[PDB]
Amino acid sequence: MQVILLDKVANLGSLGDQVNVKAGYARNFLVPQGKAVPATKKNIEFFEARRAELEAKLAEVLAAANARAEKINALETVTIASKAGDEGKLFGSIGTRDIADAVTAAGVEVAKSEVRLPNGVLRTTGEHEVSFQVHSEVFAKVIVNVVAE
Amino acid sequence: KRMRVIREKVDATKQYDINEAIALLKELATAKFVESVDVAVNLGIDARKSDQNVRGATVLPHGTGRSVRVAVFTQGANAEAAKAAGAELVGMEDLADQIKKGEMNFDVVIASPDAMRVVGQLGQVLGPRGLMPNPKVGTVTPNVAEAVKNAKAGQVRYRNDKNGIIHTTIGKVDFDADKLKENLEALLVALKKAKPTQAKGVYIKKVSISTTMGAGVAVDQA
RNA sequence: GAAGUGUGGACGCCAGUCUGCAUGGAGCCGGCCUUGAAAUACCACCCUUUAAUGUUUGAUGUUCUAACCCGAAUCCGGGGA
């Protein structure tokens, strides 16, 4: 039963992964639950059309984002206050969720996934340069100012 | 190694023509003396069956007469008849050891039917070189005295081994492009005419050229 | 497809030739062409050995995640392949 796995494959598989699975089992589970779609000339022409349309419609949100972020370097700093006292250090740390919620309160809609933060760097009170990941190909950075509270 | 640039020579996939085969047979000498180029081919026959075997002679392009060194193997009084005959080398089955040993200095070998089975056992060495005595070749017969005398009349016998392959010296290594191709065509023509009636399918699955050691060259019999 | 000769060089370890070089005597293509201690030519087999590189498959270890498990009314949280 050649079907197109769209859900679970590698995080996502809404591209075109045709695989022969169990017959009857897929028509009772995979399909009803919305996880895969049969691989039939009209359909392949319809779904593969989404691929072209995806790259065709694509960049307005990226081009506008980059230009929007470039404008931030004109507005500057994003002050964030947190408890501190350990000789410059804080008692805690500003995680990704705190950044996304703080940076958004500034005037930009950014998720936590877009906040590239390998390790909690925000531990001291001062000026830091956080890195962001708008896309696997597009990156950026923001200047944050940790204030002593 | 001694094969590094020898491989750049021919194209294992390409099947060169005869003229090109000899022209390409060239490009492949720069060694020592002059290797007697032979012709190896895979016949589509059944080695086991006798009616399938292929043996004969072909008048290729030198080396006949008093010069030819004859080696006779007989038994009993036949030994004396061979001596008085004029055979340079004479002896019984005992001389089969010195041959098995090394001693190869001899152009042709004649023998009697009574010692053919023991000589046949040691035919693996003389077989390919076409030195093994055979009836049709008029090499084996009671009147050995007449055989050796008749010798020096002028044939490059050919036979297919157990593997089903048959080869024979077309001449030497280089040789003017014209001369070799001239002999290759002759050998092929003599082989096709030797194809057994019962043999079905493609007789010559693949023709080529061979002797001692060298790169590879496939050719078209046509 | 310049190298070979006779007296000169190298990247993993040991020798015949080969290439863009440089040159002479050793001869022109050679080297080639019958010495006990110094010896010969063109398409497949067998140990094929050893070494290096690339690809595929299997097993083990480590890390990351959409599974899965638990807490919560929910959001969500903890854990975690």
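Respectively, the protein sequence lines represent chains BF and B2. Heads up, the first sequence is in the authors' numbering, so the first residue is 1 and it goes up one at a time. Heads up, the second sequence is in the authors' numbering, so the first residue is 5 and it goes up one at a time. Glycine included, each C-beta is placed from N, C-alpha and C at the ideal position.
- Taking C-beta separations shorter than 7 Å and ignoring five residues to either side along the sequence, the partners of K112 (chain BF) in its chain run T96, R97 and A100, following chain order.
- From the listed residues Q202 (chain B2), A203 (chain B2), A226 (chain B2) and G218 (chain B2), the smallest Cα separation to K210 (chain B2) is found for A226 (chain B2).
- No Cβ-Cβ contact shorter than 7 Å links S93 (chain BF) with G126 (chain BF).
- Annotated as distal: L184 (chain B2) and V43 (chain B2), with beta-carbon spacing of 7 Å or more.
- In this structure, the alpha-carbon of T173 (chain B2) lies about 6 Å from that of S40 (chain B2).
- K197 (chain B2) sits in coil when the DSSP states are folded into three classes, being neither helix nor strand.
- The distance from the Cβ of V61 (chain BF) to that of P38 (chain BF) is about 32 Å, inconsistent with a contact at the 8 Å cut-off.
- Between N23 (chain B2) and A219 (chain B2) a beta carbon distance of about 18 Å is seen, past the 8 Å cut, so the two are scored as non-contacting.
- A distance of 7 Å or more separates the beta carbons of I169 (chain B2) and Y162 (chain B2).
- Under the three-state reduction of DSSP, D182 (chain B2) is assigned to helix.
- For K141 (chain BF), no alpha helix (DSSP H) segment is defined; the enclosing uninterrupted segment is the beta strand (DSSP E) at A140 to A148.
- The Cβ-Cβ distance between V147 (chain BF) and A106 (chain BF) does not fall below 7 Å.
- Under the three-state reduction of DSSP, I22 (chain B2) is assigned to helix.
- In terms of Cβ geometry, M120 (chain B2) and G127 (chain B2) do not form a close pair [threshold 7 Å].
- Annotation: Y25 (chain BF) to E45 (chain BF) spans about 26 Å, alpha carbon to alpha carbon.
- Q56 (chain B2) and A155 (chain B2) have their C-alpha atoms some 29 Å from each other.
- Within the same chain, Cβ atoms closer than 7 Å to the Cβ of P200 (chain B2) are found at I49, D55, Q56 and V58, the five residues on either side in sequence being excluded.
- Residue pairing by DSSP places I80 (chain BF) opposite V146 (chain BF) in a beta bridge.
- Looking at the DSSP output, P38 (chain BF) shares a beta bridge with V3 (chain BF).
- For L28 (chain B2), the three-state secondary structure derived from DSSP is coil.
- Remark: fewer than three beta-carbon pairs, one from each stretch, lie closer than 8 Å, so the stretch 142-161 of chain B2 and the stretch 7-24 of chain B2 are not flagged as touching.
- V76 (chain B2) sits close to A86 (chain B2), with the two beta carbons spaced by under 7 Å.
- Annotated three-state conformation of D101 (chain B2) is helix, per DSSP.
- Taken through DSSP and simplified to helix, strand or coil, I208 (chain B2) comes out as strand.
- Between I208 (chain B2) and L47 (chain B2), the beta carbon gap of about 7 Å places them in contact (Cβ cut-off 8 Å).
- According to the DSSP assignment, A88 (chain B2) belongs to no beta strand (DSSP E) but to the alpha helix (DSSP H) extending over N82 to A89.
- Bridge pairing for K13 (chain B2): absent [DSSP].
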